[PDB]
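In the form solved without the partner chain, a lone chain appears below as structure tokens.
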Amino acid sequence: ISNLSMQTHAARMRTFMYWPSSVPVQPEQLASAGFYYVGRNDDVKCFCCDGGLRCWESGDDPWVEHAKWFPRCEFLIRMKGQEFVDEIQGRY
């Protein structure tokens, strides 16, 4: 999938068709946080920073996971703010 083709929410949403129903995080929450489905298991990537996340757990918040593992993402920073990211990185 072309990263440029995934710049808008609606485009990201349509990538989730065969997304496993057993995974306790929903496409809407993933797509909102910049993620699209790469078509394997529960693997997703961010359209902006190309960071990959998998093995979603109950209670996971995709924005928090985005900040935990890919804190330099500019989409993340513009949406949630550097302060949010700093705190998730343990900078208070």
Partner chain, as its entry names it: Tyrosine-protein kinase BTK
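Positions refer to the first chain, counted from 1.
- Set 23 to 31 against 49 to 57 and average the Cα temperature factors; 23 to 31 ends up higher.
- Averaged over Cα atoms, the B-factor as recorded in the entry is higher for 4 to 12 than for the other of 81 to 89 and 4 to 12.
There is another form of the same protein, the form deposited with the partner chain bound; it is not shown, and what comes next is about it.
- Although the partner is absent from this view, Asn41 contacts the partner chain in the deposited bound form, with a non-hydrogen atom inside 4.5 angstroms.
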